[PDB]
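Below, read A as the first sequence line, B as the second, and so on, with proteins coming before strands; counting in each chain starts at 1.
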2 protein chains.
Amino acid sequence: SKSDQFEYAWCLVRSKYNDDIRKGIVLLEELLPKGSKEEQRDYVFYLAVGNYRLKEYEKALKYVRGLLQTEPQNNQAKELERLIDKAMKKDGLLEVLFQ
Amino acid sequence: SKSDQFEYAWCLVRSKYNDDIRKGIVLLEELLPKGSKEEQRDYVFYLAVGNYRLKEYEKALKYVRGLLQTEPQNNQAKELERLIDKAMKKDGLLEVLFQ
């Protein structure tokens with residue numbers, strides 16, 4: 001069933017282990033076409049969370065951004081974009097810490 | 001399907017969140033009668049891991065023990081009983097640390 005693959009992928013994207021988090025993601029990507037209007041809004045937000053936890057900060061942003069133009073005022077999406085920028089600003093400091 | 005409820009409960013019992021771990025457990029308890037000989041050996045071992053992660057050290061032992069009389073030489077079960085005793089010895093030190 002469709003409501004059940006989500007749960008599995010939700011529990012997966014929550015795991016402490018990166019491998020479970022890739023699997024949680026790929027299941028969401030397959031689940032994305034099969035989605036309803038607001039089912040997709042939810043999958044997209046959870047792909048961003050997963051990608052963000054894998055330091056795939058680029059890809060994460062591309063999701064949370066695409067959701068944000070659909071839903072400009074989702075302050076849960078706003079806050080998830082606010083945490084992705086900070087990760088990224090701190091990362092690019094540590095990147096050039098040796099010039 | 002039966003092979004699939006396991007995965008869900010396996011990913012659940014692996015989670016960082018206690019609530020996911022209770023749900024992972026209860027699914028295993030329902031799954032226990034439906035089991036094969038060695039499917040049950042596996043469920044029991046994973047109920048012990050889950051209970052152990054919830055500091056339910058009593059209940060954990062009762063599983064890893066019941067498996068151990070079936071499988072005296074499962075050194076993965078032996079090692080899981082070895083980690084449950086240490087937890088428990090350290091716990092009962094901190095218990096009476098004030099007399």
Heavy-atom closest pair (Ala60(A) atom, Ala48(A) atom, distance to 0.1 Å) is CB-O, 3.7 Å
Mind checking the CG-CG spacing from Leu61(A) to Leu80(A)? Nearest 0.5 Å is all I need. 9.0 Å
Which atom pair, heavy atoms only, marks the closest approach of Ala77(B) to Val64(B)? O-CG2, 3.4 Å
Contact list for residues 81-91 of chain B, test salt bridge (charged side-chain N to carboxylate O under 4.0 Å, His left out), sequence neighbours left out: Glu79(B)-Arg82(B)
Would you mind listing every disulfide bond (SG atoms under 2.5 Å apart) that reaches into residues 53-99 of chain A, with sequence neighbours excluded? none
All heavy atoms of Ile21(B) vs all of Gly50(B), minimum pair found to be CG2-O, 4.0 Å
Residues two or more places apart in sequence or in another chain: which of them pass side chain to side chain donor-acceptor pair (under 3.5 Å) with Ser1(A)? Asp4(A)
Listed pairs under 3.5 Å, donor-acceptor, residues 30-40 of chain B side chains, sequence neighbours left out:
unit_1: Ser36(B); atom_1: OG; unit_2: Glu38(B); atom_2: N; d: 3.3
unit_1: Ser36(B); atom_1: OG; unit_2: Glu39(B); atom_2: N; d: 2.9
unit_1: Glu39(B); atom_1: OE1; unit_2: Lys2(B); atom_2: NZ; d: 3.1
unit_1: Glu39(B); atom_1: OE1; unit_2: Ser36(B); atom_2: N; d: 3.2
unit_1: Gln40(B); atom_1: NE2; unit_2: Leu32(B); atom_2: O; d: 3.2

Pairs where residues 59-99 of chain A contributes a residue and the test ring-ring contact (aromatic ring centres under 6.0 Å, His included) is met, not counting sequence neighbours: none
Any residue meeting side-chain contact (heavy atoms from CB on, under 4.5 Å) with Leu97(A), in chain and number order, not counting sequence neighbours: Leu93(A), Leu94(A)
Could you give the distance from CG (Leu27(B)) to CD (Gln5(B)), rounded to the nearest 0.5 Å? 6.5 Å
Pairs involving residues 44-99 of chain A, ordered by first then second residue, that meet disulfide bond (SG atoms under 2.5 Å apart) (sequence neighbours left out): none
Restricting to pairs with a member in residues 49-76 of chain A, which pass salt bridge (charged side-chain N to carboxylate O under 4.0 Å, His left out), not counting sequence neighbours? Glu29(A)-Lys59(A), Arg41(A)-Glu71(A)
Can you label the angle between the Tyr43(A) ring and the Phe6(A) ring as parallel, tilted or perpendicular, going by 30° and 60°? parallel
Nearest heavy-atom approach of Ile25(A) to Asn51(A) is CD1-N, 3.6 Å
Under 3.5 Å donor-acceptor pairs involving side-chain atoms of residues 8-15 of chain A, not counting sequence neighbours:
unit_1: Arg14(A); atom_1: NE; unit_2: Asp20(B); atom_2: OD2; d: 3.3
unit_1: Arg14(A); atom_1: NH2; unit_2: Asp20(B); atom_2: OD1; d: 3.4
unit_1: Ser15(A); atom_1: OG; unit_2: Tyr17(A); atom_2: N; d: 3.0
unit_1: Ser15(A); atom_1: OG; unit_2: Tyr17(A); atom_2: O; d: 2.9

Partners of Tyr57(B) by ring-ring contact (aromatic ring centres under 6.0 Å, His included), sequence neighbours excluded? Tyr52(B)
